[PDB]
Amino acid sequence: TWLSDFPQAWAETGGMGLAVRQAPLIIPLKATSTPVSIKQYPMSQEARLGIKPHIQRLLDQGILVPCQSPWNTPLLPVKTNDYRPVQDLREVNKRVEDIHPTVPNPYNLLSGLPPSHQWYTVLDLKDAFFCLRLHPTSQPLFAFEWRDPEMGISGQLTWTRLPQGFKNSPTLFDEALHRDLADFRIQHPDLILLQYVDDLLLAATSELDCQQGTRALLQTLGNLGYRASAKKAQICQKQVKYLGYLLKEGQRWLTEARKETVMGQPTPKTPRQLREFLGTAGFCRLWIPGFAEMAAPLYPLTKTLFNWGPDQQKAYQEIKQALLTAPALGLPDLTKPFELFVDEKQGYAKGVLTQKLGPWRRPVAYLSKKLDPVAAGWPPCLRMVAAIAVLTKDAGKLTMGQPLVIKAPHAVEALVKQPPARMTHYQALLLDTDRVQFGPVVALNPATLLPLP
């Protein structure tokens, strides 16, 4: 019934997308750039015949158009017996002006979601980038060659919409939609709307508010020319998957699918493989307690010889073990006080940001960082101070200057005041007791990192 009441909004019924409020895009190039014409890949026939209807359908939609350009890039077939066209815009991307990535990575986005809104509707937009038009100035940029030896049709085609493979399509679209939805954001103070490029989350306090909000959102998305996938929608559910995170009743999990992308990486044998392993797993560092110290043996194996010893394997094992046993994280409650439990061992700072839940403490985040070399050399009880200081600044990213209590296995509010160099900067954000308070000393659990009775 959600399908009929909004025909224009679903890609299944509402046809092709087109941001009506968006002007055609001009694509600035680098100053030293010059047209590059790459010879066409001598395509197979088995591919050229499966690719053909996709191309024809784009011509009918006017998204592809004939042209004649000094530019040209390869059109490769890809992957059942379903061949889809994919254009190698590498040499083009190199010649285009870079832009500031204003896209907030999934986590920092989800972090902006309150627990008081436990009714979710997730949507994704079908053929997002194509909804944006390409100004005739910069169309010739994405020209490619199309032939059909069964016809003798060696001509050129190019895109009238923002293409796939172009390095700036994500940011551009994100900005476009963010602009196009500001109005909807304004006219719904009771709803939270989250956005990663073409992935949308609508959070509401009640189920009613959610339903109505979703109706509004769909009507708007329709009116704007955007089109959502009805097959993959998650409408008005207490529990939803969004950007590879499971949201359910004021709580947040790593979906198993998101785990797999790290769990499924073979033991890195080259330094680059290890780099990207840590790079991928690094996104889930706020689920891994003591991650900075845990992944310590693996860091030095970068850019040197690659001695994959027992330590490296042990760490590599810990990191996956820590994902298999990754906890639930509660969405930060900015209408509550925060508690921060900090600890340090061997020049690595680890800690946990928690909040009240019933009489229990529910972890909001696990904070861990390496102490800079100068601090890493400091004596035992000073590195603690350094650790607390470092983690506090990271917690600030989540608490938003809210009231925050600190606890450590060796309380140390004193030494902050009477240091017998770098203190001028530490006393700044620590002795500011409007946001920051201390607590009694207390040792914490090596795993959970919560206090001991």
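Residue positions are given as counts along the sequence shown, with the first one as 1.
- Where coordinates are absent for parts of the deposited sequence, a chain break appears; between neighbours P42 and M43 there is no such break.
- The stretch of deposited sequence separating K79 from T80 contains 1 to 3 residues lacking coordinates in this entry.
- The deposited model assigns a higher average Cα B-factor to 82-90 than to the other stretch when 82-90 and 117-125 are compared.
- The PDB entry records a higher mean C-alpha B factor for 380-388 than for its counterpart among 56-64 and 380-388.
- Comparing the listed residues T304, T325, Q211, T280, the entry records the largest Cα B-factor for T304.
- If you compare the C-alpha temperature factors of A414, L404, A395, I38 in the entry, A414 comes out highest.
- The PDB entry assigns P409 a C-alpha temperature factor belonging to the highest third of its chain's modelled residues.
- Sort the chain's modelled residues by C-alpha temperature factor and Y107 lands in the highest third, per the entry.
- Residue-level temperature factors show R227 in the lowest third of its chain, judged at the C-alpha atom.
- Among the modelled residues of its chain, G439 has a C-alpha B-factor that falls in the highest third, as given in the PDB entry.
- In the PDB entry, a CA B factor belonging to the middle third of its chain's modelled residues is recorded for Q355.
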